[PDB]
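Visitor: Sharing a structure below in structure tokens format, with a few things to ask.
Taken together, the values in this text are just the output of simple stated rules run on the coordinates, not laboratory data. A quick note on method: Cβ atoms are made from the backbone with ideal geometry, for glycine too, and the neighbour counts reach across all protein chains shown.
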Amino acid sequence: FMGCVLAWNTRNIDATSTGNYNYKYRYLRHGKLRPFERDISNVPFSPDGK
Amino acid sequence: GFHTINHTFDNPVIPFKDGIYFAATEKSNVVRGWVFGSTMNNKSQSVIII
Ligand SMILES: *[C@@H]1O[C@H](CO)[C@@H](O[C@@H]2O[C@H](CO)[C@@H](O)[C@H](O)[C@H]2NC(C)=O)[C@H](O)[C@H]1NC(C)=O
Ligand SMILES: *[C@@H]1O[C@H](CO)[C@@H](O[C@@H]2O[C@H](CO)[C@@H](O)[C@H](O)[C@H]2NC(C)=O)[C@H](O)[C@H]1NC(C)=O
């Protein structure tokens, strides 16, 4: 990799007391991504691979 | 090798194996391009070059 990484805190507009529930992340997949890959598929998942 | 002649018409899905050579012999622009994808059934991004 060659570049710079930046981050800043945003509690002012990205959070609230009731909560904001607009974001998601994929924790289950039959295989890890390659560099800069993307997968936006949403389907039912079963550990058998069927 | 592949060939389209008279009734014959071949459009078979070919595996990519992470990279292909390609060559065509054409008299009057018979082949207009390709299509690259993984599932080709409403489930994965695909690209068209024509
Ligand atoms: C990205 O590539 C991976 C691996 O090359 C694909 O994962 C395969 O998906 C098939 C679908 O039936 C499984 O049978 C295989 O076991 C998986 N792994 C391998 C190594 O083939 C994945 O499908 C590709 N991305 C998309 C969107 O299709
Ligand atoms: C891609 O998705 C569309 C929409 O989900 C599919 O169209 C459906 O086709 C079935 C049978 O072919 C119909 O019973 C549905 O009514 C259609 N959906 C709509 C919204 O009209 C289409 O079949 C999918 N592609 C493939 C190759 O199956």
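Visitor: List the chymotrypsin sites (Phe, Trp or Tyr not before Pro) within chain B that DSSP assigns to loop and that have no more than 12 neighbouring Cβ atoms inside 10 Å.
Guide: For chymotrypsin sites (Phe, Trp or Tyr not before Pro) across chain B that sit outside H, G, I, E and B with at most 12 neighbouring Cβ atoms in 10 Å, the list reads B:2, B:9, B:16, B:21, B:22.
Visitor: May I have the extent of the alpha carbons of chain A along their three principal axes, as whole Å values ordered from largest to smallest?
Guide: So the extents along the principal axes, rounded to whole Å, are 44, 38, 14.
Visitor: Would you calculate the separation in nanometres between label points at residue B:38 and residue B:18, each defined as 7 Å from the Cα along the Cα-to-beta-carbon direction?
Guide: Reported label-point gap for residue B:38 and residue B:18 is 1.5 nm.
Visitor: Additional query: Determine which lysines satisfy two conditions relative to residue A:32: a Cα distance under 27 Å, and not lying fewer than 8 residues away in the same chain.
Guide: Residue A:32 reaches A:24, A:50, B:17, B:43.
Visitor: Would you compute, from DSSP H runs of 4+ residues alone, the mean residue ellipticity of the protein assembly as shown at 222 nm, taking -39500 (n - 2.57) per run and dividing by the full residue count, rounded to the nearest 500? Mind showing how you got there, number by number?
Guide: Numbers: 1 runs with 4 residues, N = 100.
Mean residue ellipticity, 222 nm, calculated: -500 deg cm²/dmol.
Visitor: When we measure straight from the Cα of residue B:27, which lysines land under 28 angstrom away, once same-chain ones fewer than 8 places off are left out?
Guide: Hits, sequence-local ones excluded: zero.
Visitor: Roughly how many debye, to the nearest 20, is the charge dipole of the protein assembly as shown about its Cα centre, given +1 on each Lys and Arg Cβ, -1 on each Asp and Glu Cβ, and no other charges? Please report the intermediate quantities before stating the final value.
Guide: On the way: 12 positive and 7 negative charges, 48 e Å.
Dipole of the protein assembly as shown, to the nearest 20 debye: 240 debye.
Visitor: If you plug each phi of segment A:12-19 into the Karplus form 6.51 cos²θ - 1.76 cosθ + 1.60 with θ = phi - 60°, what whole-Hz ³J(HN,Hα) values come out, in order, with x for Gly and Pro?
Guide: In residue order, the calculated couplings are 4, 10, 8, 8, 7, 5, 5, x Hz.
Visitor: Using 0.36 nm times the number of residues separating residue A:12 and residue A:29, minus their current alpha carbon distance, what extension gain do you get?
Guide: Working it through step by step, the gained length comes to 2.8 nm.
Visitor: Provide a whole-number value for the mean count of partner chain Cβ atoms within 10 Å of the Cβ atoms in peptide A:29-37.
Guide: That average works out to 0.
Visitor: Taking the Cβ-Cβ separation of residue B:49 and residue A:22 as r and a Förster radius of 30 Å, what is the calculated FRET efficiency to the nearest 0.05?
Guide: Approximately 0.25, to the nearest 0.05.
Visitor: Let me ask something additional. Expressed as a whole number of Å, what is the distance separating the alpha-carbon centroids of chain A and segment B:1-35?
Guide: So the separation of the two Cα centres works out to 38 Å.
Visitor: Another question about this same structure. Of all the Cα-Cα pairs you can form in segment B:11-50, what percent are over 17 Å apart?
Guide: When all Cα pairs of segment B:11-50 are counted, 41 percent exceed 17 Å.
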